[PDB]
Every structure is written in structure tokens, then in C-alpha cells.
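Numbering (the working numbering), first residue to last: 1418 to 1502. All C-beta atoms in this analysis are idealised placements derived from N, C-alpha and C, irrespective of residue type, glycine included. Worksheet: one structure, shown below.
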């Protein structure tokens, strides 16, 4: 069954930790990869989606085109005003 370590390797579900737990965890390794810009706004778009949407976490911390999607929306709320009056 297990190849390396007992846990995780034995069960795939074991590795499938909560989105928030993985969030920073994957972004920790992949965010630096995905992390397009400086953690300032970069950490928000790339690493935040890591728990927001399953499709986004997978897409954002793996694909570049994924960044354009969240960055435009996310960077709008941070870099730009929040909603309209």
C-alpha cells in the first residue's frame, strides 16, 4: 500500500486537507511559483483563492492565465475602491 510515509501515501483523502489549511500551505510552495507579484497584492490573489474556490485554488496556484482572472477582480477591491456608493 504505502510507498514512503504511512499517512497520506496510504490514503489520498488524508492529503486532501481543508482548503484553508492547504491554502497557505500550497501557496507556500506554489504561491511563490504562482505569486505573480509581491505578496502585497500578489499574496491576496494567488494564495487567497487557494481556499476560496476549488477550481481557482487549482488554477491560480498552478496556471498563469488563472492569475488574470482573480487578479483583475481581487486587485480591484484592494488596489481600487471597494464597491460603489
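Asked                                                                                                                                            : Found
Just confirm the distance between the C-beta atoms of residue 1427 and residue 1418, as a whole number of angstroms; I'd bet it's less than 8 Å. : 5 Å
Measure the Cβ-Cβ separation of residue 1467 and residue 1443 and say whether it is below 7 Å.                                                   : yes
Where are the beta strand (DSSP E) runs, 3 residues long or more, that stay fully inside the stretch 1443–1477, in chain order?                  : none
Is there at least one non-hydrogen atom of the ligand PLP closer than 6 Å to the beta-carbon of residue 1486?                                    : As presented, the structure is devoid of all ligands, the ligand PLP included, so that no description of it is given.
So residue 1440 and residue 1425 are supposed to be a Cβ contact under 8 Å. How far apart are they, rounded?                                     : With a Cβ gap of about 18 Å, residue 1440 and residue 1425 do not count as contacting.
In terms of alpha-carbon separation, which member of 1470, 1497, 1462 lies closest to residue 1448?                                              : 1462
Indicate the three-state DSSP secondary structure (helix, strand or coil) for residue 1420 in the structure shown.                               : coil
Taking 7 Å as the cut-off, decide whether the C-beta atoms of residue 1477 and residue 1485 are in contact.                                      : no
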